[PDB]
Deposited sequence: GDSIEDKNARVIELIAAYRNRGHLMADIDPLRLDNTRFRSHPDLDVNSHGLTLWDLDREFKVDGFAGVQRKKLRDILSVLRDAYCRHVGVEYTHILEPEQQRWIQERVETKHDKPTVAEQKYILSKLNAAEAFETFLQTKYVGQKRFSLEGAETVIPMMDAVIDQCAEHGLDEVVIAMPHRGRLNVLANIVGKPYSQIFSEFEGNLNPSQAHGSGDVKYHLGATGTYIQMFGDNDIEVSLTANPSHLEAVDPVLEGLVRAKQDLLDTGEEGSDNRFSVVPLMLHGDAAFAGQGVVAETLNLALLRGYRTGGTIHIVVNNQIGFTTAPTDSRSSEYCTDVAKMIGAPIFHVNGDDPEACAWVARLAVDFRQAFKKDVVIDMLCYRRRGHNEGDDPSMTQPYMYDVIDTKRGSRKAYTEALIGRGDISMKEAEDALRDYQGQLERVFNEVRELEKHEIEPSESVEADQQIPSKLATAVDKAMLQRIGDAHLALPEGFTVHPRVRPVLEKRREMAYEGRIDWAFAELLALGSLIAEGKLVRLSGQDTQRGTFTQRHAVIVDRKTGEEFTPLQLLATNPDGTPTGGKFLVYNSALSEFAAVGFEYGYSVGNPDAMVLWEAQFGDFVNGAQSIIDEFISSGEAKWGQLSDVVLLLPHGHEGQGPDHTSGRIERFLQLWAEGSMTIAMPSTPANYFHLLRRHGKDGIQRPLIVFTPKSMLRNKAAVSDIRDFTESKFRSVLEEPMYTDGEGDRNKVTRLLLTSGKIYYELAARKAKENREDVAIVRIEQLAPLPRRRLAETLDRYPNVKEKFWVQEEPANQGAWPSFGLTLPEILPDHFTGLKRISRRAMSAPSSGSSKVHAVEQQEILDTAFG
């Protein structure tokens, strides 16, 4: 049974060989490491010695291969065939080219640590092989004739990446020389040995490690949709490649990594596979891997989506470049993620004042005996007889010339619009709900919704749900790309949207708004409706949609929270990208966040989108924040946002029970002959027979509580009280608010009325701002709200009801 022992041995190398591969350039773990002439049958008859030597070189040399966890047998076979073959040794030209990339990379590092103070944390020393590795990824993408490689990375080696991968000149990199470590960049990569070129860009990011991961994916997907490539394209090339860099401690500890990997094969989020590179320097500031992860590898999270993982020795730039090229080939064949775990080291301390032997003495005693990756490769090429002593001297002169070039170039640098639509547009969107495909079976409970929409489009009484689809549908008809997504967003959390309808017999999906992408003459408008149900993620989903608006500034991008209360799971994206990206990096986004909000007795996690937090984050021109009370005002808000020619995030506090409130409906004329109104008066004063001069008490409010206040006003016939709505919370509509209040000359008292606790809602900012920006109108402004609470509401629906009545009685008391 000698042949049986061979089969088990072959399986052992393929499954576990990576545990014995020489991947660590520091060799920190000591414990880590005759039928030979008899011919055995293999899938071919070869000697056991030749079977074993192919398996040791393939799996136990400088590359640890993990692929037997992949469920697809064709993917396992593809890797097996490319890994278990005698590889063609690289040509002297390729070896010299790798060496030139190592020279440029280390001369950049030497210059950085010598020329400037405070640059130790950014050092790529001990990890310079990432430069020829990233070069091989991009060169291989250009070999496949792809259009672009978009990079996302943390700060380590970023300016080196700018100079030696993006190809930015020193004059631009060191111009007015820390924000440079967070800025976006764009360039063109020209193949050294090939005849192709490819676009290379780097995205902007905060210091929050891994938070840019879903942003990168969103941005790339936006670029893929524009190029008609990938999931929403005519071709299956996915010609825009995400190249995502990571650190070993951050890759294992940050939850956003798993959420972003979870998007990789989703119809709404896939980008045809991401190339991941982990700069595994086997440390996280002062922290050893045993305190940073509970798994053998920092890349083990990527096993979640059956991605192949390649652990590679960073002191072998040839194996690193070969693995990079294999990764691109796998991504092209299976449109799925590949992870490259580059084992390397951090030569110097984490930052100034870090003596790394204080916390890691054993590691740093080994590192202190380490010659650079460039010097090691130069000496290895001599040993193998690949390059002559003269060639190695020319290589050192190239190093010096590159070191001099950067010093000399930086030295010279130091020396020197209506939103209204026509009735026919409303009618076309209405009729689109009944223009079903041949033989389509509508669910019996969905059919009245489609009939009511055709009725509303011709007769009025348009509800919130339809007004939103009227805004999006008219934008699609004008040629705009509309991307809408979130948890159960196709149907709607409150069963109100039905943007996608499902055939009761076949399960086939029909999207009524997609018919507006075609003009009445049959020609395309250039518009699209891309609507998806998201994964149960907030961080990665909000990240993605923010990224998508950056990737396509001409798109209308909306993310919807199930309830506004769950958006705090995406706080890092709100804080680091959405509210602040423009001021910090000049990076613009027109992303829309829809946050269902309102006190209805559903508890502290189904009541508030935390208005007070978005209002606190706001500064002049950073975001638009609104809480519309009418369907038409919401329609005009969305149309203004998509057509204003301005890239600024919009935060909308959307209704729940108010979706079905019969008083919260709009007339055809409000869509065809009106505009967005930042401040709304009661219709009895603007259209009715109400007398503004009789008003002595003015109630200022926003949202659904208006209807309750107006119902109470009508019941008691209170002509002395007027209700004014602030529809646009930020920026404050100072002019409209001044002109509106001036029309009520006999007002003796003013109250800001809100459902939210005293420390929440708009009061903390309005109570401070309104008396300041409008002292003649808001001096003496008082608050009517729920009491200050440590949670957004009471957990009891009975307590909610008493508090709601208490607000209305106080307002009319």
Could you sort out which parts of the deposited sequence are absent from the coordinates (no C-alpha) and give them as ranges from 1? 1 to 5, 39 to 53, 64 to 68, 203 to 215, 455 to 471
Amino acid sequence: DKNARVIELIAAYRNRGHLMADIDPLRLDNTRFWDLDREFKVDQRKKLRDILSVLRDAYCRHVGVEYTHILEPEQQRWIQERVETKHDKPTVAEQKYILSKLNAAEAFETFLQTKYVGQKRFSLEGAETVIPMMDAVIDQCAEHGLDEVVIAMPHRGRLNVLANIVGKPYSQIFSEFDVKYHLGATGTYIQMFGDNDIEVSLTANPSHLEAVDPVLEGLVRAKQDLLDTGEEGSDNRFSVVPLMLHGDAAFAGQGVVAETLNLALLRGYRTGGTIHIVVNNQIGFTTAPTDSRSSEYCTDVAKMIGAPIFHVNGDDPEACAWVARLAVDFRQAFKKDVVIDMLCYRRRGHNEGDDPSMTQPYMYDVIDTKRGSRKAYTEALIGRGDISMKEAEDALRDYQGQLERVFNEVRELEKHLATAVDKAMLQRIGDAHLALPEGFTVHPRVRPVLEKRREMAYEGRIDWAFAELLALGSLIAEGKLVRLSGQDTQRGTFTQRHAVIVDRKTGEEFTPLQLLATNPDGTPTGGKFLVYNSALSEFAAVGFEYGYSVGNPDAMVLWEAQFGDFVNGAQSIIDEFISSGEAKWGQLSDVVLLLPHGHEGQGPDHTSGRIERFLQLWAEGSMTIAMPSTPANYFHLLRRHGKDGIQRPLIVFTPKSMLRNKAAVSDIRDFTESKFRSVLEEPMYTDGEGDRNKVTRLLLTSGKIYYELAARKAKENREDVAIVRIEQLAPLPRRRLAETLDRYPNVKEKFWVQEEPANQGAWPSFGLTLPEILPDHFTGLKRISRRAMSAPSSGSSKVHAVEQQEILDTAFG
From here on, numbers count along this sequence of modelled residues.
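We call the rigid core the largest set of C-alpha positions that still match within 1.5 Å between the two forms.
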Can you check whether 348 to 356 or 148 to 156 lies farther from the displayed model in 6 other deposited structures of this protein, averaging C-alpha distances as RMS after superposing on the core? 348 to 356
Core-aligned, which moves more in 6 other deposited structures of this protein: 554 to 562 or 433 to 441, by CA RMS? 433 to 441
Determine, among the other compared PDB entries that model residues flanking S785, whether at least a third leave it unmodelled. no
Across other compared entries, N746 missing in at least a third: no
Output the stretch having the higher mean C-alpha B factor in the entry; the candidates are 73 to 81 and 578 to 586. 73 to 81
Which has higher Cα B-factors on average according to the PDB entry: 249 to 257 or 323 to 331? 323 to 331
Going by the deposited entry, which of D463, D521, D291, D503 has the highest CA temperature factor? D521
Would you mind checking which of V679, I382, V665, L617 has the top Cα temperature factor in the PDB entry? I382
Which third of the chain holds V149 when residues are ordered by C-alpha B factor: lowest, middle or highest? lowest
Could you place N30 in the lowest, middle or highest third of its chain by Cα temperature factor, using the values in the record? highest
Record-listed C-alpha B factor of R45: chain third: highest
Temperature factor at the Cα of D57, chain-ranked in thirds, falls in the middle
In terms of the CA temperature factor given in the entry, to which third of its chain does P757 belong: lowest, middle or highest? lowest
